[PDB]
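Presented below, as structure tokens, is a lone chain in the form deposited in one PDB entry.
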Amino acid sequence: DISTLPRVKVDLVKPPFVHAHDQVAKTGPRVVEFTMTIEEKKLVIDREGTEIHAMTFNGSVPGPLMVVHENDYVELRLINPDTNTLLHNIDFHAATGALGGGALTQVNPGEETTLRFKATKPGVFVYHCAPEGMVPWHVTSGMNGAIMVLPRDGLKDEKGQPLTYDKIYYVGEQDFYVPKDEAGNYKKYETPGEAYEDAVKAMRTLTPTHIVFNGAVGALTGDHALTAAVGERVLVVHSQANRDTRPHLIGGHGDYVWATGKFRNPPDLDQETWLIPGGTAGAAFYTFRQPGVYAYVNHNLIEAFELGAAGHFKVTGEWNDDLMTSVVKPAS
């Protein structure tokens, strides 16, 4: 009887940060209550000032990471305020039935709904909007995020021993398809209905104009670089709701990687790069061994360095000359 279970309300945080949770479950199964408010908003996505009409869960691209344990119930109140213009819904890849919830969550502006589902499978999973007939438009306008369903006893390595992260980050990677005129400049539009056919045309090229982390070129750099210290264990959850990606930590590795995100499987060890298929979340665990700047990229390096799919870590601590050193510095 679900009404006999504890309820716990989660207050979500903006990516790449993750709401507080416990890796090993400290209670029995719970109904974990989340609320998200859909926001259609203008977003500047590149250094040139390109502005799109984004479609967001909770004001961010990606939407926030939700965290529960296996066999918890996820109860989401989804709000579509009347200041939005479009119908929206939500599909959880973690859920079973009704198109992941999408068939049960269609909300016009001015409406809300509450969905509950049992998180029966452990892993990281995509969630995304999926309105019938408009699915890729919403997804590729930023309307996607992820949920992590932890095993009740936390993560385990390939031998069944615990893996405990000290920090966790959520990198959502977004492919945008900003319509281009025949000279190659972006078009912007006066209403969503006026934009729809050229959005479809742009999407049908299968060639993103932008591929970004955390909603914009450079979002995970500078004052918003990811951080760690030498010796810290970091889990990086990475999602891509629509298109393949190949994450890579420049100067590091994925020590343990669930490339397709499902924790009942043993992780892949010692990865340089891994393939997260479109429509999937993956997770990589790494223990930092060197300080300095790292780049975290999609290792299609055109996608990374020309289209935007690159962020930074700033890592503090002691340099290990045994692992790496300049024997003779660059010189004539």
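A residue's number is simply how far along the shown sequence it sits, counting from 1. Take the two forms, superpose them, and find the largest set of C-alpha atoms that agree within 1.5 Å; that set is the rigid core.
Beyond what is shown, the protein has a form deposited in another entry; the following relates to that form.
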Candidates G123, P247, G101, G254; compared between the shown form and the other one on the rigid core, the one with a C-alpha shift of 2 angstroms or more is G101
Rigid core fitted, then: does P192 show a CA shift of 2 angstroms or greater between the shown form and the other one? yes
For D82, state whether the C-alpha moves by 2 Å or more between the shown form and the other one after rigid core superposition.
no
Does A183 show a Cα shift reaching 2 Å between the shown form and the other one after rigid-core superposition? yes
Checking the C-alpha spacing of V10 and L99, a student should find that in the other form it changes by 3 angstroms or more, with the atoms closer
With a difference of at least 3 Å, the CA distance of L99 and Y73 in the other form shows the atoms closer
